[PDB]
Every structure is written in C-alpha cells, then in structure tokens.
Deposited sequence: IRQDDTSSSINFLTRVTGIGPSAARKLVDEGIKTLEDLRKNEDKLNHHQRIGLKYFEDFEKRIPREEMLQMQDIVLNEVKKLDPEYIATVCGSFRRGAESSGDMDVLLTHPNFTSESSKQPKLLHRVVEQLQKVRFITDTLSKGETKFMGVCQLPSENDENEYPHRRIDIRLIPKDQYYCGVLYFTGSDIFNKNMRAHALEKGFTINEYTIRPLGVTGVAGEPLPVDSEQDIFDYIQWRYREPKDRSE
C-alpha cells in the first residue's frame, strides 16, 4: 500500500527499525513532518536520527574522511600514545567515498582477560566532544559508542555518523581485518584458512582439530600474522576487493 510505503520511509530513520516503524504508523505517524512534530514518542537515538535525516543520506568523500581521521588520530594520541586507533571500512581499502566512520580502538591495558574498562573508551569520546568534533550521541556503551560528528568550519559540513569500538588488544588485528572487509574478501580468506586447518572470525584465529569443533586462539600482533598463519602473501587493504 501507499502506506506500506510509509513503513519504508520510516525505517530510513536511524534508530527506527521495523517493529518500531510499524507502531508509529498505528499512531498514524507517516511523513516525517509527522515525526517532527511528534518527538515525544521517539527515543533519543531516533530523535537524533530524525534530527539529521538529511545529512545522513549524504555520502562522505575521501578528502573529508582524511581530515576526519586525522582529528581522531591526533586526539587519541594526546591522551595516551599507547592507544591504537584504526579507521576501517572501505575507506581503509582506498574507497573514494564512504557512508560513515568506523574507528576500532585498543590499548594494551585492555585485554580479553581484563574485559571491564569503559573509561578507556569514554575518555576519548569525551575528548572528542570537547574538541567539538563529536556533536551528539546516539547511544553509548562500555565498549561501543555510536554518535555524530562534524568537521569544523571556519565560515558547513554535514553531520556524519561515527562509531568507536573498543576491542581487547588480543583480538584487535582480527577485528581490524574483519572490519576492513570487503565482505567477499573476508569470505574468501575464511574459506582458505579453513582449507589450511584454521578458523578465523572477527575476534580470533584458531587451529581446527579433528571432527571440526576445535579451537584455541593463536596470538596475533598484526594483520600480517593472520596471513602468515595460513601462509598467504599479505594483501594490502587496497587489494582486498575480493
């Protein structure tokens, strides 16, 4: 229906999922003039999404990502040069434009054994907000932050989505690799490993055993190591299309 048409639209709102879009249509909330008017029935996230509906439909150009990643790397370095920050996504692969920013972050103090340190992530969010790069928050957990940022003007940029994830240092590389993609690439490399007697997921790489259902993480200090384990020439992110 021209109304099903409505759920389609809604769901284009960050924060607004289906079940969630369904109901607002029962409340008779379809256009977003509807929504604007009715902030009271939306959560913080949905509201933020609504707030930058437009801006969020815009794609990010490399030049912008470049600058964005520098603010981010620069600032985290100031807090503690021992922090490792990596901007992933197609961007890392050379992409000419992007849809949002995905920052993977880590620290040697934080390992999968530790597993418990929000301040580690909060400290940086805070610093980014203080710099005024991060302008809003959608949601913010102990290990993941979803928000909005904006390059500063001097005279305007649209608001963009940014995500910061804090991963244990011991799973960081698998993670970066993983979030680096592409999808196919990932698929192709998992396939191979397997052929090599290993199973790789976004956090680990473990040797298989007989019967299959086997494991025990091998240490990884770099992306290179994963490729060594299955003995593949290392592929620079740029050669990661498939």
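- Gaps between the deposited sequence and the modelled structure occur at positions 1-3, 159-161.
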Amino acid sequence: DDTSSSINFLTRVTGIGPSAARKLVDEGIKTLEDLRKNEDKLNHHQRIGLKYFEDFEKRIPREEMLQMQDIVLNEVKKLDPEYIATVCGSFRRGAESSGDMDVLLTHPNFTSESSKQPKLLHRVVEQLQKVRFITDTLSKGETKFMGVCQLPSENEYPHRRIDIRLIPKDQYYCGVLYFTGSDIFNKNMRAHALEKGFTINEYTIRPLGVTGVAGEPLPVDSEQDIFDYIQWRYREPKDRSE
From here on, numbers count along this sequence of modelled residues.
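Basically, rigid core = biggest C-alpha set you can superpose within 1.5 Å across the two forms.
- Comparing the two stretches 64-72 and 25-33 by root mean square C-alpha distance in 7 other deposited structures of this protein, with all structures fitted on the core, the more displaced one is 25-33.
- Larger average C-alpha displacement in 7 other deposited structures of this protein, relative to the shown form after a rigid core fit, is seen for 211-219 when comparing 55-63 with 211-219.
- Relative to its counterpart among 107-115 and 127-135, 107-115 has the higher mean temperature factor, C-alpha atoms as listed in the PDB entry.
- Remark: stretch with higher mean C-alpha B factor among 74-82 and 168-176 is 74-82.
- Set against one another, the Cα B-factors of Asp55, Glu202, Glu63, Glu27 in the record reach their highest point at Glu27.
- The top Cα temperature factor in the record, among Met68, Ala193, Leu50, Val213, falls on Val213.
- Among all modelled residues in this chain, the alpha-carbon of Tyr234 has a temperature factor (C-alpha) in the middle third.
- In this PDB entry, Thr11 carries a Cα temperature factor that places it within the highest third of its chain's modelled residues.
- The entry lists a Cα temperature factor for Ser222 that places it in the lowest third of the chain's modelled residues.
- The deposited CA B-factor of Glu156 belongs to the highest third of values across its chain.
- Annotation for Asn38: C-alpha temperature factor in the highest third relative to the rest of the modelled chain, per the entry.
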